[PDB]
Structures are given as structure tokens and as C-alpha cells.
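Notes for the structure review
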Amino acid sequence: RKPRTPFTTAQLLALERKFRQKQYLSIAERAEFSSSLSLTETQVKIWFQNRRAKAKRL
DNA sequence: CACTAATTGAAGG
DNA sequence: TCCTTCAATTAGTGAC
């Protein structure tokens, strides 16, 4: 498997507000956004995926 | 347990 | 036959 990534409180604030701006990223956006935070595209993809789930639960 | 990152796996492209 | 999405699942950390 793979260890949980400990996102920073700052990465997490960015991810949250990016998600507040739009809950989906296009590929280019994601490529850009992940580089901006120094996280892998997969990390961001999965964080958005998981957050969309949480947001559906609520 | 709550929360959340990661896995898996189907349906759609 | 790579990749997205969602649904469900698995599992790490951490409160109670």
C-alpha cells in the first residue's frame, strides 16, 4: 500500500479553497495546481475525489 | 469512533 | 486498456 500523505495545514487550506472555487479540476488545472503545492497529480486527484465524497455525505 | 488518505473496480471516454 | 468519476472499502491517527 502506500503511506498516508501528511498534507500541510497550508496545502490543506489551499486544497480546500481551490475545492470551494470548483470541485473538479481539468487535467491542466490539476497539473498546475499540484505543482503549485508540490504534491503529485495523484495526491491532488485523490484528495478532490475524497473531498467530493465527504461533501456528498453532508 | 471520527476523519481522511489510499485502494479497488465499474461505467464512461 | 489509459484515464476520469463515483461508490465502497481499507486503514492510519487520534479523540472519547
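Right above here is the structure, for reference.
Let us now look at the overall build of chain A. Check the secondary structure of chain A and you find three helices and zero strands. N-terminal to C-terminal, the α/β element order of chain A is α-α-α. Against the compact-globule benchmark of 10 Å for 58 residues, chain A has a radius of gyration of 11 Å, which places it among compact chains. Principal-axis analysis of the C-alpha atoms places the extent of chain A at approximately 30 × 25 × 20 Å. Taking contacts inside chain A between residues at least 6 apart in sequence as the whole, the part at least 24 apart equals 56%.

With that settled, the discussion passes to the protein's contact with DNA strand C. Surveying the vicinity of DNA strand C reveals the residues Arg-1, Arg-4, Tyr-24, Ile-27, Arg-30, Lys-45, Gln-49 and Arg-52. Among all atoms of DNA strand C positioned within 4 Å of the protein, those belonging to sugar or phosphate total 62%. In this structure, a phosphate oxygen belonging to DNA strand C sits 2.8 Å away from a side-chain N or O atom of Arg-30. Contributing elements (two or more residues each) for the surface near DNA strand C: α2 (27-37) and α3 (41-57).

Thresholds, definitions, all that
Residues numbered from 1 in each chain as written, not as in the entry; some residues may be left out. Chains lettered and ligands numbered in written order. Heavy atoms only, no water. Residues with missing side-chain atoms left out of burial classes, pairs and counts. Helix = DSSP H or I, 4+ residues; strand = E, 2+ residues; numbered from the N terminus. Rg over C-alpha atoms; globule rule 2.2 N^0.38 Å. Contact = heavy atoms within 4.5 Å. Near = heavy atom within 4 Å. Polar contact = N/O pair within 3.5 Å; in protein donor to acceptor, adjacent residues only side chain to side chain.

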